[PDB]
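This document starts with one chain, in the form deposited in one PDB entry, laid out as structure tokens.
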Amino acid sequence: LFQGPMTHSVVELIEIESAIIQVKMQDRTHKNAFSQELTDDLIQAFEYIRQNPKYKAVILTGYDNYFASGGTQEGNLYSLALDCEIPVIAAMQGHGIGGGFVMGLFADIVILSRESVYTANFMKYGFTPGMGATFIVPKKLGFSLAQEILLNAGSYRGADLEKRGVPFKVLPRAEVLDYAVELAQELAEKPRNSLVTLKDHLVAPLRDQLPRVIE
């Protein structure tokens, strides 16, 4: 059960169990902003997972208090989880800001942390959310909360979202990863081909509609 980093060493791959792989985002310099290094290393991580079809669950996470921070001051990640053939769990133990929040919403299962901040903050900068965001937030959070989240671009603690009602488990940051592993262990009780077929079914419409409805 190995542990390696990717080419620029800002993602670490950690085999938790024979059929569970954890993708750990750890660009400490950029607090996991979408730098070119995090971008390349994440693609590599999911390319590695595609190349080794023994896994039954992916757990995507960040480090300390940062899940992902979205596009940098200078500056396709979203579809990585959606196109991965097996269930991906976004364990958002840390802040999820902008495209970093949205990216988590494309995983099959999403876990929030109570103390962390989440924001689709695009509009705070004057611009509209990617078309990827505008498509996925309503689908994962419902239409009405998506309106509010996208139009106003405000900042939400995990606890406030929890209070407003979201379908995601919301937990103390210190528990998010443990819960994600337990959940990955339960997923791994299934044959890998049943998980893939079922995922194929559940996300067909997204994979079919996302491509076009992207321009």
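Shifts are known only where both forms have a C-alpha. Whichever C-alpha set is largest while still superposing within 1.5 Å between the two forms counts as the rigid core. Note that residue numbering follows the sequence shown and begins at 1.
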Chain break class at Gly126/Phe127 - deposited residues not modelled
none
Averaging C-alpha B-factors over each stretch, which comes out higher, 127 to 135 or 86 to 94?
127 to 135
For the stretches 41 to 49 and 157 to 165, which has the higher mean C-alpha B-factor as given in the deposited record?
41 to 49
Top Cα B factor in the deposited entry, candidates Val23, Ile20, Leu202, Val10
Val10
Relative to the other modelled residues of the same chain, rank the CA B-factor of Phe143 and answer lowest, middle or highest third.
lowest
Which third, lowest, middle or highest, does the CA B-factor of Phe122 fall in along this chain?
middle
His30: which third of its chain by C-alpha temperature factor?
highest
Would you please rank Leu77 by its C-alpha temperature factor against the other modelled residues of its chain and give the third it falls in: lowest, middle or highest?
highest
Place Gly104 in the lowest, middle or highest third of its chain's C-alpha B-factors, as listed in the PDB entry.
middle
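There is also a form deposited in another entry; it is not shown, and the following applies to it.
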Comparing between the shown form and the other one on the core: of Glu148, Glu37, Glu162, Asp178, the CA moving 2 angstroms or more sits at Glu37
Once everything's superposed on the core, is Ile49 shifted 2 Å or more at the Cα between the shown form and the other one?
yes
Any CA movement of 2 Å or more for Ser18 between the shown form and the other one, core superposed?
yes
Just checking, between the shown form and the other one and with the core aligned, does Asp64 shift 2 Å or more at the CA?
yes
Work out the direction of the Cα-Cα change for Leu202 and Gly70 in the other form: closer or farther than in this form? It's 3 angstroms or more.
closer
Once the rigid core is overlaid, which residue runs, three or more long, move by 2 Å or more at each CA between the shown form and the other one?
9 to 75
